[PDB]
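Worksheet: one structure, shown below.
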Amino acid sequence: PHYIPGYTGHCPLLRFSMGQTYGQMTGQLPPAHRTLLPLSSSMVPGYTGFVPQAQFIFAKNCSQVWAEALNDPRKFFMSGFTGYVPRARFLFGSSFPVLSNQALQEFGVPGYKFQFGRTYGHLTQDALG
Amino acid sequence: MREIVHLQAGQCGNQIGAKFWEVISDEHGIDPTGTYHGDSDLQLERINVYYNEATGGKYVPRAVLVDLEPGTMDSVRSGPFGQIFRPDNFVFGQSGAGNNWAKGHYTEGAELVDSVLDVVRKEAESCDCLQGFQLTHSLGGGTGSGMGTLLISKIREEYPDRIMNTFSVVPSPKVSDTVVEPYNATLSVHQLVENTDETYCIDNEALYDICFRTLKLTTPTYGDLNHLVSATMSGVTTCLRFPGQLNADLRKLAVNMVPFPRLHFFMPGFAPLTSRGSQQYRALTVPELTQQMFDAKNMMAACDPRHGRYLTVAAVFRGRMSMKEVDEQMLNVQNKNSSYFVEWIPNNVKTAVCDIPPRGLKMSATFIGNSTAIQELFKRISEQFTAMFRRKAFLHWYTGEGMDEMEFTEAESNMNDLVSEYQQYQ
Amino acid sequence: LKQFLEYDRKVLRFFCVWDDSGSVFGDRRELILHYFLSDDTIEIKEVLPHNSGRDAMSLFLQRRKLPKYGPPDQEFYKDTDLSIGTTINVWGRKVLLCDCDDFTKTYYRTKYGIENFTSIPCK
Amino acid sequence: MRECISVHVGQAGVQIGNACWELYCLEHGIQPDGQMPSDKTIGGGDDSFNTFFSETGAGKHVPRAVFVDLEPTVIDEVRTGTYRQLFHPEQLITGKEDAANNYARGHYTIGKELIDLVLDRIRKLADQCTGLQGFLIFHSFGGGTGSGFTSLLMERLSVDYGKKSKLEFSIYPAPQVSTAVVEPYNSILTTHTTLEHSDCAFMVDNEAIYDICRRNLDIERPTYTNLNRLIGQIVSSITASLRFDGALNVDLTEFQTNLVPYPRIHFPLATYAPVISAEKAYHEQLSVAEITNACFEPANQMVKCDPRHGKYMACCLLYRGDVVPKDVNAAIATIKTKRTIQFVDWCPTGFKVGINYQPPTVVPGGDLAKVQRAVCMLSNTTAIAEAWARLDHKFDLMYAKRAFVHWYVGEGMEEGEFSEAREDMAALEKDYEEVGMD
Amino acid sequence: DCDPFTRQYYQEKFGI
Ligand SMILES: Nc1nc2c(ncn2[C@@H]2O[C@H](COP(=O)(O)OP(=O)(O)OP(=O)(O)O)[C@@H](O)[C@H]2O)c(=O)[nH]1
Ligand SMILES: Nc1nc2c(ncn2[C@@H]2O[C@H](COP(=O)(O)OP(=O)(O)O)[C@@H](O)[C@H]2O)c(=O)[nH]1
Ligand SMILES: [Mg+2]
């Protein structure tokens with residue numbers, strides 16, 4: 014249901030569009055839309094009396110005019181990126197793919248005096264716990 | 001990755017760029033407390049071009065703000081986007097300029113050049129890859145021509161092979177605030193041609209005419225004048241910040257429109273201008289932008305361009321648009337106005353196209369043009385000079401500051417020499 | 205003209221406080237706000253301690269009609323928009339109102355009649 | 001084994017290539033993420049994926065080309081673009097500043113600060129290639145990193161690999177429409193570092209492709225994406241034999257044995273054939289007759305230069321698709337009657353036909369439809385002279401008033417070079433007028 | 346054996 018390429022005239026919002034063919038930029042863009059276009086046996090035609098609504102219409106026979114009247173992966177940035185990444189010149193920890201990765205998520244013996252006679256490793260066990 | 005430096009001097013230059021620094025702050029989406037709140041992502045890979053990073057996500061304006069009198073800095077820090085400016089970059093004296101070029105250049109100026117070059121080369125050396133030195137100042141003042149002319153002299157002798165463009169504010173013909181405008185203009189124009197090798201100067205009157213006719217505002221203050229002169233200077237560097245299909249960078253926007261080395265006086269302009277009440281009645285279409293780019297009223301014209309002839313023109317565009325139209329239409333502008341574009345140069349207009357539109361619009365452009373008609377912009381200052389020099393009206397103030405009269409005429413002799421090559425190409 | 209003559213020298217002195225602890229680096233800031241009733245413009249000054257590390261400048265926000273929410315139906319702040327116990331959004335910065343001048347209290351008694359004025363100072 | 005290194009260098013080139021590897025991948029069923037479609041199949045043979053790819057151990061095939069542009073803007077749009085996790089992390093050499101459209105910044109200053117790595121990588125790639133059949137270059141002819149870097153390589157390369165074919169894909173300046181103002185300079189200067197270093201010059205315009213996007217494909221107001229994919233397909237059509245099976249198969253070597261006659265005369269204008277939309281397509285009879293009695297028409301040449309005010313010399317008629325060998329003979333027989341496709345007296349033969357058997361591919365979302373045949377009349381005519389005369393005539397009209405020469409002989413060069421170019425060009429012209437002479 | 350496309354093609358053409 015597109016417009017044929019030869020069609021001149023007016024189609025809305027054609028002037029602000031570009032880069033597509035005339036059948037695609039028109040097809041992408052009213053209820054009563056018709057532009058695209060998506084008894085007779087009880088009377089003989091020689092009759093000359095009167096029937097209402099029978100003096101008006103063509104496109105069909107007289108014997109038919111009385112018919113019609115009656116009827172987070174992939175966050176890295178690769179090598180040598182000459183763009184700007186926030187927190188790129190500040191922090192560190194791994195490679196430039198991982199540097200650009202981590203910069204995107206952050207955008208949004245005591246008491247030894249009184250130790251006498253028990254083993255030094257056993258002494259540190261008391262100090263640690 | 002390729003960074004730019006902007007310089008602020010003068011009362012006029014400080015107010016323009018403070019309005020200019022907010023235009024990109026809401027173009028790149030930087031909040032006016034220092035943090036960043038941008039909508040898209042594309043305005044983050046080039047944020048270092050015009051800004052730089054600091055701890056905590058608190059983004060920093062890369063600018064230097066210098067004036068003799070600290071009155072206007074008390075207003076910049078009090079402004080809407082003045083809490084981002086770095087007070088290390090706030091270098092100031094204690095006395096006023098006095099609206100004269102003597103107490104801005106040689107004697108008062110000489111005891112601030114060390115203080116200012118120390119912080120300019122601070123950021124210039126910490127820069128990864130310097131590109132340019134933009135400067136906004138007023139020619140008809142005591143500081144813009146006073147100290148805005150030392151820095152461009154003391155940068156070029158220290159960076160001799162880098163492009164640097166300036167944004168001057170030439171005094172208007174028939175409306176003025178001071179009575180000393182040609183003294184501060186002629187003595188600058190010799191120095192401005194000698195080392196800037198690029199200018200951008202349109203008077204205050206043309207800004208009034210655009211705000212009266214093109215934009216139709218009854219009471220235009222200095223705000224929309226500064227916004228409009230900021231719009232034409234945010235699109236001059238848009239190819240350094242946004243992608244595209246056929247872009248023009250600054251050094252690329254230099255050899256394309258400087259035909260002779262001292263022939264570098266240009267004429268800005270902003271395309272998508274309309275009235276406040278006529279937004280919805282106007283088709284923002286690129287054949288209609290350039291009809292408006294190539295007039296004298298809606299484009300920033302201190303002097304009428306039909307009085308001369310266009311020598312070389314740029315047209316940097318912004319926004320998603322077709323290339324076939326803008327190629328054929330610059331061809332249509334060329335042949336329809338063949339009497340107003342020069343001969344002996346077959347292609348005259350640069351076609352630069354960006355990919356991302358500005359904020360509030362869907363396409364935009366900035367008119368950048370070398371006109372031979374700019375000769376009349378310097379006739380009136382010369383005609384004002386010889387009407388006041390011949391009586392020696394204010395030569396005693398310059399004599400009192402240890403400054404001689406011998407090179408006081410060397411400035412006028414060279415701008416009379418300067419316009420001579422303009423009139424060679426009638 | 206009618207608002208310039210009616211409220212020429214009537215300035216609303218509103219003491220304020222601002223905190224920035226969500227940032228890595230910050231201090232509890234105390235602000236002074238003046239509200240001109242002549243043309244409905246909000247001017248904010250800064251008072252500093254005896255050895256504050258900040259440069260002693262005069263003003264924090266200039267003489268302008270202050271926007272309602274964030275950085276900019316162009317609706318602005320008015321006198322009834324702010325009171326004691328509410329937080330104002332001054333250009334993306336959350337500032338709480340703490341104290342007021344006694345003249346502004348007498349102003350508020352005459353128009354609406356707010357009473358008992360429970361000020362909430364910080365330390 | 002018939003691998004083919006394609007060096008795309010410049011703003012243009014990078015674009016006419018980000019939209020060339022797309023179809024260079026689509027045809028050989030290559031996923032925009034290395035590992036090829038691994039759930040169905042597309043029929044290509046575990047060999048056709050070698051002319052332009054290199055199987056690793058996990059299927060992560062990688063492009064066999066080199067994209068070099070000083071400014072990072074464009075190659076950054078690839079690093080962060082539809083096509084990534086595939087283009088070699090280093091096959092995309094990123095520079096720093098730009099070129100301003102001044103040859104010098106490509107054949108003197110920065111022009112040299114990168115050729116050390118660029119040339120390096122192209123050789124690092126030659127190693128794997130067990131039959132580099134040639135060097136197809138993809139750059140502009142009217143910029144800085146397009147004439148500069150390319151010129152530098154052009155000669156530099158020859159002095160290292162020599163014996164080879166240097167066919168070039170260039171975006172020559174259009175007659176009236178034009179961007180940069182110093183194009184008639186950055187162009188006359190590169191036709192002096194290529195006429196003795198590069199063979200066939202598959203040259204392409206911009207106004208011509210633009211007029212064809214409206215007069216045939218019906219796309220009023222096309223862009224560069226619209227232009228790149230068409231120029232991009234001409235590339236694929238040329239490099240068809242090296243990958244696709246077929247009857248008469250023409251190779252990159254044969255493309256310069258029946259094409260370029262005399263040594264210097266190597267300026268062929270290309271002509272794709274089934275340039276049609278989808279509405280007027282499945283209606284017309286794309287007949288081997290019409291797809292040929294159209295590639296020889298004036299409005300269908302992609303280089304604004306009336307193919308009638310001149311004299312054809314050699315004409316390859318590469319034929320991808322369901323082209324039975326018979327129709328081709330009669331098609332060319334008709335061409336030889338038409339008293340208008342005038343010919344010289346030295347080439348009684350004239351046409352080299354390569355009826356490969358592989359219908360074109362549709363780049364998802366594009367004007368080109370599912371036609372089942374395509375021709376690429378890459379022909380050397382003597383009217384490509386009216387494409388230089390202009391650029392040349394312009395040079396003088398401008399050089400007279402020594403215009404835009406300061407920032408030229410300044411970053412490094414020698415005023416004289418300008419003059420020498422004009423001389424070499426006058427010769428190219430002099431020879432063309434003496435070549436078509438009875 | 347077959348790829349995960351011929352098995353799909355066979356259950357909507359030949360009812361496998
Ligand atoms: N077909 C086509 N041509 C293009 C494209 N981009 C640029 N061009 C052409 O290239 C010419 C300018 O040369 P470029 O390659 O863009 O510039 P460059 O070689 O990078 O040199 P610099 O601009 O100084 O960096 C223009 O006149 C365009 O006609 C494109 O995307 N497609
Ligand atoms: N367009 C525009 N011009 C201004 C602005 N501020 C000052 N000016 C101009 O600057 C001129 C005087 O300022 P000036 O003497 O240069 O300031 P100073 O150099 O610091 O002394 C006046 O004629 C104004 O027209 C502004 O915001 N916008
Ligand atoms: Mg480039």
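Residue numbers (the entry's author numbering), protein chains in the order written: chain 3X, 14 to 42, 52 to 60, 84 to 116, 172 to 208, 244 to 264; chain CB, 1 to 426; chain 3N, 205 to 276, 315 to 365; chain CC, 1 to 438; chain 3J, 346 to 361. Idealized CB from N, CA, C, for every residue including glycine.
Original post:
How about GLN266 (chain 3N): is its C-beta nearer than 7 Å to some C-beta of chain CB?
Top reply: yes
Original post:
Given that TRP21 (chain CC) touches chain CB, what residues does it touch there, using C-beta distances under 7 Å?
Top reply: By Cβ distance, chain CB contributes nothing, its closest Cβ being about 17 Å from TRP21 (chain CC), past 7 Å.
Original post:
When every heavy atom of ligand 2 is checked, does at least one fall within less than 6 Å of the C-beta of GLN85 (chain CC)?
Top reply: no
**OP:** Report buried or exposed for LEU253 (chain CB), applying the criterion of at least 16 other Cβ atoms within 10 angstroms of its Cβ.
**Re:** buried
Original post:
Taking only runs of the alpha helix (DSSP H) that begin and end inside the region 387-412 of chain CB, which ones reach a length of at least 4 residues, in chain order?
Top reply: 395-399
Subject >> Reference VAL179 (chain CB); option with closest CA among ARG62 (chain CB), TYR425 (chain CB) and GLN384 (chain CB) >> reply: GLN384 (chain CB)
Original post:
In chain order, what residues of the same chain lie with their CB nearer than 8 Å to the CB of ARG162 (chain CB), ignoring the 5 residues before and after it?
Top reply: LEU130, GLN131, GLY132 and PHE133
Original post:
Name the chain CC residues whose beta carbon is nearer than 7 Å to that of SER179 (chain 3X)?
Top reply: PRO89 and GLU90
**OP:** In angstroms with no decimal places, state the Cα-to-Cα distance between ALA301 (chain CB) and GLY269 (chain CB).
**Re:** 8 Å
**OP:** Consider the C-beta atom of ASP98 (chain CC) and the heavy atoms of ligand 3; say whether any pair is separated by less than 6 Å.
**Re:** yes
Original post:
In chain order, what are the residues with a CB under 5 Å from some non-hydrogen atom of ligand 3?
Top reply: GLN11 (chain CC), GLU71 (chain CC) and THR145 (chain CC)
Original post:
Cβ of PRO363 (chain 3N) less than 7 Å from any chain CB Cβ?
Top reply: no
Subject >> Closest Cα partner of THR386 (chain CB) within the set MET363 (chain CB), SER413 (chain CB) and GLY369 (chain CB) >> reply: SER413 (chain CB)
Subject >> the region 264-286 of chain CC: positions lying closer than 9 Å to chain 3X by Cβ >> reply: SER277, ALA278, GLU279 and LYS280
Subject >> Beta-bridge partners of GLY40 (chain 3X), as assigned by DSSP >> reply: According to DSSP, which records beta bridges pairwise, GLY40 (chain 3X) is partnered with nothing at all.
Original post:
Buried or exposed: residue 298 (chain 3N), going by 16 or more other Cβ atoms within 10 Å of its Cβ?
Top reply: Looking at chain 3N, the numbering goes 276 and then 315, which leaves residue 298 (chain 3N) without any coordinates in this model.
Original post:
Measuring CB to CB, does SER242 (chain 3N) end up less than 7 Å from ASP212 (chain 3N)?
Top reply: yes
Subject >> Rounded distance between the beta-carbons of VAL68 (chain CC) and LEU136 (chain CC), thought under 8 Å >> reply: Not quite, the Cβ-Cβ distance comes to about 14 Å (not below 8 Å), so this is no contact.
Original post:
Taking the alpha-carbon positions, what's the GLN35 (chain CC) to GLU77 (chain CC) distance?
Top reply: 22 Å
Original post:
Of all Cβ atoms in chain 3N, is any one closer than 7 Å to the Cβ of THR218 (chain CB)?
Top reply: no
Original post:
Using a Cβ-Cβ distance under 7 Å, would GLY17 (chain CB) count as near chain 3N?
Top reply: no
Subject >> Contact with chain CC by residue 445 (chain CB), beta-carbon distance below 7 Å >> reply: There is no way to answer for residue 445 (chain CB), as the model of chain CB reaches only from 1 to 426.
**OP:** Along the alpha helix (DSSP H) that carries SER115 (chain CB), what are the first and last residues, could you check?
**Re:** 113-126
Original post:
Under three-state DSSP, which class holds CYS12 (chain CB)?
Top reply: helix
**OP:** Could you check which residue in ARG318 (chain CB), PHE92 (chain CB) and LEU263 (chain CB) has the C-alpha nearest to that of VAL419 (chain CB)?
**Re:** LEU263 (chain CB)
Original post:
Would the C-beta of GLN191 (chain CB) count as close to ligand 2, meaning under 6 Å from any of its heavy atoms?
Top reply: no
Original post:
DSSP on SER87 (chain 3X), reduced to helix/strand/coil?
Top reply: coil
Subject >> Beta-carbon neighbours of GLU27 (chain CB), restricted to chain 3X and to distances below 8 Å >> reply: Those do not exist, as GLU27 (chain CB) stays about 16 Å from chain 3X at its closest Cβ, beyond 8 Å.
Original post:
Quick one: is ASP259 (chain 3N) near chain CB, going by C-beta distance under 7 Å?
Top reply: yes
Original post:
Taking the DSSP output, what are the residues bridged to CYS315 (chain CC)?
Top reply: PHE351 (chain CC) and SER379 (chain CC)
Original post:
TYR184 (chain 3X) versus chain CB: which residues are under 9 Å apart at the beta carbon?
Top reply: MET1, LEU44, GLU45, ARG46, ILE47, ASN48, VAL49 and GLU53
**OP:** Could you tell me whether the Cβ of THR33 (chain CB) comes closer than 7 Å to any Cβ of chain 3N?
**Re:** yes
Original post:
So, is the C-beta of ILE219 (chain CC) closer than 7 Å to a C-beta in chain 3X?
Top reply: yes
Original post:
Where DSSP assigns a beta bridge to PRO271 (chain 3N), which residues make up the other side?
Top reply: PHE318 (chain 3N)
Subject >> Within chain 3J, partners of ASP39 (chain CC) - CB distance below 9 Å >> reply: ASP348, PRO349 and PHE350
Original post:
Along chain CB, which residues have their Cβ under 8 Å away from the Cβ of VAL182 (chain CC)?
Top reply: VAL255 and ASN256
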